[PDB]
Every structure is written in structure tokens, then in C-alpha cells.
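Form deposited in one PDB entry, single chain, as C-alpha cells, below.
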């Protein structure tokens, strides 16, 4: 059994209902057991143009899946939630990102763990710190509580 952390996001549709449904679906896969869920935060979009605000959270799982098996479950969950994939990025019903998989470092064309952008994302680190403050991010070798930073664009929902 591996302790892993997922980052979830939604910025279109009924954001909160979609996040809750996603967690339930994730938990229903054999080999994934949801053990903790952060508070939900409303967050300003980063890395693109002006877009509707996100609801973001983090989830702790105990898994017996390999990290690629896990990734398949994450992407299937997005499909259950009807996520649209057009030529250009836009708002999405659900995004399920693998943040951390134990202390492992994976670099494959289809999978990068720890997530390559997490250490500079408040919408990740603030909810992650609520459930994983003492977990080590293996690239930096820092605990989450030593990466997190204050960011007024991330608010409790």
C-alpha cells in the first residue's frame, strides 16, 4: 500500500457536485481507498487567459495500484464527468492530477510525478498542506509545510 495525493479541480458546471462525485468514483475503484479530503478552495485561474474561477481540493489515497494504473483511474473519472477536450484549453468539469505517489519520482512521456508544477501552485499547496503538511516532496526534499506560501487568490469556499 502506497500513500498518494491527488489534486482535483473544476471550473464549469456545478463545481462542488462534480468534485464530490469524482471523489466517490475514485474511491469505488478497487485498489484506491480515499483516506482524507482537504477543504475546498475557490481559486483564481493560473497559467492561461481570464477564465472562470476553480474549486480545487486535494485527496489522500491509500493505493495498491501502480502509478500508471492510478493514472488510468484518474482519467476515467474525468470521462465519467464528461470533460471536453477541444483544440485549445478551456474550462473543465473535472481535472484529476497525480501530485505525489509515495516518495517516487516518475518521468515518462504520459506521466510526471511529482506533478511538475505543484511546488509553485498555491491552489495545490494550500489544500495539500491541510492533509499532507509533513509529507516530503521528493525532488525538493522539503515537506509540504515548508513549500506552502500565502496566496490571497486561494480562499476557503
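Residue numbers count along the first chain shown, from 1. Definition used throughout: the rigid core is the maximal C-alpha set that superposes within 1.5 Å between two forms.
Note that the form deposited in another entry isn't included here; everything after this is about it.
Residue shifts between this form and the one not shown, rigid core superposed: of 91, 45, 114, 102, the only C-alpha displaced by 2 Å or more belongs to 91.
Whereas the displayed form keeps them at a certain spacing, the CA atoms of residue 85 and residue 17 lie at least 3 angstroms closer in the other form. The pair residue 54 and residue 89 is looser in the other form: their Cα-Cα distance rises by no less than 3 Å compared with this form.
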